[PDB]
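Heads up, the thing below is written out as C-alpha cells.
Values in this text are rule-based calculations from the coordinates and carry no lab data. Methodologically, a virtual Cβ is constructed for each residue, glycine included, from the backbone with ideal geometry; neighbour enumeration extends over all protein chains shown.
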Amino acid sequence: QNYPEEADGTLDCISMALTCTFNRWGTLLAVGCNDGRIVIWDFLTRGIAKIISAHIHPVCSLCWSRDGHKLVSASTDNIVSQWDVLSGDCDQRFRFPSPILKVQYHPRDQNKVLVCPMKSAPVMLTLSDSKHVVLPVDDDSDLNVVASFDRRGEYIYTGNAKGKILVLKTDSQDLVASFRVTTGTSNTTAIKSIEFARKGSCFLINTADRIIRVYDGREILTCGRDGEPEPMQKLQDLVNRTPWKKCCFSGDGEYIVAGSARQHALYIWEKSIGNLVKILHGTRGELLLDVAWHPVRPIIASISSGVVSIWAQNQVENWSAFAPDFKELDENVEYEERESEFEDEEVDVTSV
Amino acid sequence: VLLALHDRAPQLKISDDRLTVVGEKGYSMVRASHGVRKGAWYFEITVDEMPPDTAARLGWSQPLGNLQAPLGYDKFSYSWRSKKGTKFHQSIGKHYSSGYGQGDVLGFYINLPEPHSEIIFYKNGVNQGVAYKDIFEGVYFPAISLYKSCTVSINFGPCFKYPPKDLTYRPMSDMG
Amino acid sequence: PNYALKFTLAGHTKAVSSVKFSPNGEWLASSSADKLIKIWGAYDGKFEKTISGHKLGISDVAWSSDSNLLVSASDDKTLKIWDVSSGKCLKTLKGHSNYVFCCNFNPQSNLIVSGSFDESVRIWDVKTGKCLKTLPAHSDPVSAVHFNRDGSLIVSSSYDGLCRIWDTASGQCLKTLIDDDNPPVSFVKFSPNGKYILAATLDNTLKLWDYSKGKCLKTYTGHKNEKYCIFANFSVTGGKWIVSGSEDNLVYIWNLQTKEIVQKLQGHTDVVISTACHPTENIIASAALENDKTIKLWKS
Amino acid sequence: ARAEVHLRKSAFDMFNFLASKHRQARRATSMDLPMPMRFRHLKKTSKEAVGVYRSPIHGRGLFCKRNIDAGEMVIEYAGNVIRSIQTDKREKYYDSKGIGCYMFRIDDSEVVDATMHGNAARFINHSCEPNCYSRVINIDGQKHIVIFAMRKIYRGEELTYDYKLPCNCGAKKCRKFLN
Amino acid sequence: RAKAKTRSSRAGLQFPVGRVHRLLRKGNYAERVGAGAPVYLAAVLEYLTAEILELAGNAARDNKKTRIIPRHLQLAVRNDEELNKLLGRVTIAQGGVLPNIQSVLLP
Ligand SMILES: Nc1ncnc2c1ncn2[C@@H]1O[C@H](CSCC[C@H](N)C(=O)O)[C@@H](O)[C@H]1O
Ligand SMILES: [Zn+2]
C-alpha cells in the first residue's frame, strides 16, 4: 500500500494526552500526559501496557533509546531522569536554568543526550554524571538556538535566532559548513525545528514564515564553509496561509507529511516530484498538538485534546482465503483449461 | 469440393475461399458434412499457415459426437497429439509417437472392403503408426479441432502431392 | 539417549488431564479431570497444594509468565482463573454456550484465545476478562489453538481437516490448508521461526508443512494416531527428537532428519495422551489415561 | 472430557461459510430505460443488495438485505462459460469428488459453470413457488444470465426460480420431479 | 525576450486563464482581482464539465450512437441526485421527460 486514507478509530481512554514519540521498531508509543502520566499501548493487539505516573508536574519532552529500554524525562522542574522498560525507576535529577524545550540522544551511543533551553545555547551532557560540554553558536545575541544530530551521527546541525546554520562536530566543535538562505526579500527569519530521515541524508527546513525547504546532507558538505546552496524542493501554501506546528517524514524517505496548527489538518506531499497529493481532515474545531509517523507501516498518530486518531488504510475483506481454489470473478471468464485432456536438505526448524 | 452450410461449428472464422478453416480460442470442432459411408474416399489436406503452439488433432468422427467434442474423446473419435505424439482414446493417455513437421501435405485414409481395416497414421505416405482396428459401420464426417486460428487448406484433386503409394481410392468428383 | 525414570508421581483420583511445565521452566504440576488441580514439582515431585472449587470437568489448564497465576478450561462453560501463591479463584469466564477444551496466552500474557466446542473462536482478555473479537471459523468443535512466536497469528485445528491461519489485528482468514482425505486434526503447533507446522491428524500419517508455500516435506510411518487429541512436542536438548503421545503404552519419540525407528520408551499402562519437555533440562513429561494415573519422568 | 472419540468429524464440504448468525423508480434499474443502462448499475447494486445465510430448505439460502420492488434486476449468475462435452467430464469428476452440479446453460450449445469460477449467485435454491425468473439479454452480443423479480419482495425472504428427485419446497401443486 | 509558456499549461489545465481574468476585470465584480483566483475558478469549471461529459458520453454509447444529441444530456443531468439538486429550474431545449408511471394507473 501507500499513504493512509480513512479514519479507523481512536483510543479515547487516557484523559489529557499531550505528546507522543516512537522507537526504532514501531511497537512502542509513550505519551507524556498533562500530569506526568507516561502511558504505553500495544499496536498489534492494542492494549494499554504501562502507566508511568512519574512526576506531579506535566511533561513536555521525551525520547526513546537505541536498545529499546531507556527513556528521558522533561518536567516543569527541569528534571531529566533515566528510565527503563523493565523497571521504570528514577535515576537522575537536577535543575537546569528554567526553560527546557527538547532533548535528543546520540544515535550510536546511549551515553550522550543533546539538551536545548530557550534563551541559551544547546547543551550536550552525558549519562554517567553531570558533565556538560559548552557548545558555541555564531550569534550569541538572542541565544534562541535549536540543534539536532544528523542521521548517522557525523555532525550536529544547529539553528540560531537569526537565520544562519552552523555545522559542528560532536566533540571538537569543528565548524565545517555554514549557509544563509535568501529568506524572501529583506528579513531572514528564525528556524523552528529541523528533523532528519532514516534512509539517506535528506532533511527539511521549517522557518517562521511558513515555507518548507528540502535539502540533503551531502550538498552542504560539498559546498563547504560559507557556501550558498539552493533548495532541492520548496513547499508552501497560499490559500489559507497555513501556519505549521509539527514536521516529520515518511517510511523510507518517499513522502513528506506535516501537520498544521489551525484547521486540524494533515498534508502529504512528494519529495520525488514535488506536489501535494492528499489532504486529510478530522474534527473541525480542535487543536493539533503532536504528529508521529509509523516507521514500518503507514500509520499516523495525531493528538488533539487527548484523542489519538490512527489513519489505517481501511482494509477490505473478500473470499479466496476460505476456499483457495475458487476464484471470485467479476464477469464472464470463458476458456479451456488443458490442451491435453488427461531433497533431504536439513533446513532448521529452529531457524531463529 | 465445397464445404457445408449448416453442419459446421458456427463461431469459427469461416474463410471466404470455401476451402480453408480458420479457428478460435478453444476446442470447438467443425465436422464438414462430406465423409465416408463405405468403401473408399481419399482427399489430402494442404497446410498453408501452421504457427507453433497448436494441437491439430486430426482423424475420424461421427455425427453422433458433439460439436464441442474435441477430436479424441471417445471410442469413435481419434487422437494425434503434437507434443510427444500421444494418443487420447477412451480417455487413455499413452505417449504413442513423435511430433510432426511444418509445411507438409497431410491426409488420412481408411480402407474397408465391404471389416478389414487400415486405420494407420498417414503423412505423405510415411507411416507414423498403426492407429486402431475394426470399427463399426456408420457415417464418418471429417473432424477438425484446432487450438489456434491457423489457416489450413484442403485438397480434392486426383493428382495428389504425396499420396499413399498404390492407393485404392475414389475421386471426389462423384459425391462432392 | 539414555532417559531413565527418576520418580513416579501417581495419585490422581480420575483420568490425568494434561502435564504442562512452567513457562519459565521450574514446575511440572499435573491436573486431572476430577475437578482438582494439584501443584507438583518437576525435579523430585515437590507438592504444594490442590485446587478445589470447580463445578464440572477439566480439559486444559494453563499458567502465567511467572508461573503463579493459573486458569483452566473448565467443562461447565467456564474458565476459572486461579493462582499458585494465593490460590484465590480470581475470575470466571462466561460467554460460552458449549464445553471448552483449550485456551492459551499471547507471550505478552494479557489475552486469552478460546477455541471451545461452540465453534466460534473468541478472543478474551486477562486484565479485563473481556471478549474482544470472534473468529467463526469451523462447523466442527475446536481441537487446539496456538499463537505464533510473537503473538501475531493463530492456527485453527479442527475435525474437518482445514488448518487455516487467522489474522489477529482485524481477525480474518489468510490461507486454508486442504487435503484429499478428511482426518480430524488433533494438536498442531508452530516452529521457532513460525514457518513450519507439524500436523497430527487422525490418519496414522504425520505431516510437516512448508508454511510459506503450502506443501508437505517430511513424514513418519509406523505409528498409532487414531483416537484422541494426540499431542506433539519438540526436543532440542538431546537430538532433534519429536516427542509425541502414543496409544500403545509407548511414547512416540523420533528424529526428523532420520525418520526411523530408533528409540521406543515404555512402561505406561494406558493410552499416553499428554507429553511435554522441560525447556532446558532432559525432562520429558508423560501421563497416560484413566487406567494408568501415573507420571513417568524419564531423565537422561 | 477426553472420553469421547465421537463421530461427525467429517464435513465433505469445501464451503464452510456457514457461521453462527444466519440472519434472515428513484433508481435506474427499475425504470423503462434501455437494457445496458440498467446493466451498468446492476453491479453497483448487487454487491450490497442481498446476502447469503442458512436456510431450512437446503443449507444456505438467499435472504436479501433491501426491499426489492417488482420488475427490476437483482443479480447476475456468471462464471466459466463451458462448452457442451466438458460438462460430462466434470460430471464424472465431481461424481468422483462428491460435490453437486452447478451448471446453468445460456443456450443448448454453451453452458455456464459455477463451481470453479463465479460469484455469490450460486445460493439460489429451486422451488415450485418462485418469485423470480430469468431472461437473457444482448450486451453487445456477450449475453448474460440476469435475474429479474416478479412481485413486491421485502427484507428477509428467499429468492428462487424454476430449474425446469423430491423437492424440498412443499408447494401447493408441487411436481416433486425436477426433470 | 525569450519564449513565453502560457498560464494554461503552467498549471496543467485546459480552460484558459487570461480570458477568465479579463472577464473578471471587465465586469465590475470588485476593484482588484487577486493572484490565482482565475486559476482556481478555471479548475472548478473543468471539473464540472468533465463530470457531466462523462455521463453524457456513456449514455451516448449505450444508445448505440456515436454523436451526442441533447436527450443524452437530459438523461445525464436528471438521473443523478447532486446535479438535479443544482440545476433545479432549467429547461433544456429538445429535452424530454423521464419515464414515470404511477402505481395505481396500470392494471
Ligand atoms: N428443492 C431442493 N432441495 C434440496 N436441494 C435442491 C433442491 N433443488 C435443487 N437442489 C440442489 O441443491 C443445490 C442448491 S445449492 C444449495 C445452497 C448451498 N449449496 C448451501 O450451502 O446450502 C442445487 O445444485 C440443486 O442441485
Ligand atoms: Zn419441493
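Averaging 1/r over each pair of different alpha-carbon atoms in the protein assembly as shown and inverting the result gives 37.7 Å, the Kirkwood hydrodynamic radius.
Placing +1 on each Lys and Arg Cβ and -1 on each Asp and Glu Cβ, with no other charges, gives chain E a dipole about its Cα centre of roughly 880 debye. Globularity index of region A:1-136 is 1.12 (Cα radius of gyration / 2.2 N^0.38 Å, N = number of residues).
Other residues whose C-beta falls under 15 angstrom from the C-beta of residue C:186 contribute a net charge of -3, scoring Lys and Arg +1 and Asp and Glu -1.
Relative to its Kirkwood radius, the Cα radius of gyration of chain E gives an Rg/Rh of 1.15.
Counting Cβ atoms of other protein chains within 10 Å of each Cβ in C:77-83 and taking the mean gives 0.
Go ahead and run the numbers for FRET between residue D:139 and residue B:15, Cβ-Cβ distance against an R0 of 35 Å, rounding to 0.05. My answer for the efficiency is 0.80. Taking 7 Å steps out from each Cα toward its Cβ at residue E:30 and residue C:131 produces label points 6.1 nm apart. Within the same chain, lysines fewer than 8 places from residue D:92 are excluded, and of the rest, those with a Cα less than 23 Å from its Cα are A:327, B:75, B:87, B:94, D:164.
Amide H contacts of residue D:137: D:144, D:146, each under 5 Å away and 5 or more positions distant or on a separate chain (H built 1.01 Å from N in the peptide plane; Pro and chain starts excluded). Dimensions of chain C based on its C-alpha atoms, expressed as ranges along the principal axes with the largest first, amount to 47, 47, 30 Å.
Our compactness index for region C:153-260, the C-alpha radius of gyration over the empirical 2.2 N^0.38 Å, is 1.07.
Would you mind pulling out the separation of the Cα centroids of region D:55-76 and region B:52-90, in Å? Value for the Cα centre distance between the two parts: 44 Å. Computed over neighbours whose Cβ is under 12 Å from that of residue D:169, the net charge equals +1, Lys and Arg +1, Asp and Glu -1.
Calculated mean residue ellipticity, 222 nm, chain A: -500 deg cm²/dmol, from DSSP H runs (n ≥ 4) at -39500 (n - 2.57) each, averaged per residue and rounded to 500.
Dipole check for chain C: with +1 at the C-beta of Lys and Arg, -1 at the C-beta of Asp and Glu, and the Cα centre as origin, the magnitude is about 620 Debye. Each of C:35, A:327 was scored by other Cβ atoms within 10 Å of its Cβ. Arranged with the fewest first, they read A:327, C:35. Shown in residue order for region A:226-231 are the 3J(HN,Hα) couplings computed by the Karplus curve 6.51 cos²θ - 1.76 cosθ + 1.60 at θ = phi - 60°: 6, x, 10, x, 10, x Hz (x for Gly and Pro).
Positive end of the charge dipole of the protein assembly as shown (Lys, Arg +1 and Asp, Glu -1 on Cβ, about the Cα centre): tell me which of E:49, C:43, C:16 has its Cα farthest that way. It is E:49.
Taking Cβ atoms as reference points and 10 Å as the exclusive limit, the residues near residue C:176 contribute a net charge of +1, counting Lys and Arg as +1 and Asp and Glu as -1. Residues of region A:235-250 falling in the label zone of residue A:198, defined by backbone nitrogen less than 17 Å from a point 7 Å along Cα to beta-carbon, are A:247-250.
Residue by residue along A:28-40, Cβ atoms of other protein chains within 10 Å of the local Cβ number 0 on average. If I take all pairs of Cα atoms in chain B, what percentage of them are more than 25 Å from each other? Tail of the P(r) past 25 Å holds 27 percent of the pairs. Pairwise alpha-carbon distances in region D:6-61 exceed 15 Å for 67% of all pairs. Both radii were evaluated on the Cα set of chain D; the Rg over Rh quotient, with Rh as the Kirkwood radius, amounts to 1.00.
Rounded to 0.05, the FRET efficiency of the residue B:128 and residue C:258 pair, given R0 = 60 Å and the Cβ-Cβ distance, is 0.70.
When the Cα positions of E:83, B:61, B:22 are compared along the charge dipole of the protein assembly as shown, E:83 comes out farthest toward the positive end, with charges on each C-beta of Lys, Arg, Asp and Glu. Positive end of the dipole of the protein assembly as shown (Cβ unit charges, origin at the Cα centre): among C:63, A:44, A:310, the Cα lying farthest that way belongs to A:310.
Quick one: work out Rg over Rh on the C-alpha atoms of chain A, Rh as Kirkwood radius. Across chain A, the Cα-based Rg/Rh ratio is 1.05. For region A:102-182, the orientation-averaged shadow of the C-alpha convex hull comes to 5.4 nm² (one quarter of the hull surface).
Approximating the spin labels as points 7 Å out from Cα along Cα→Cβ, the residue A:239-to-residue E:89 distance works out to 3.1 nm.
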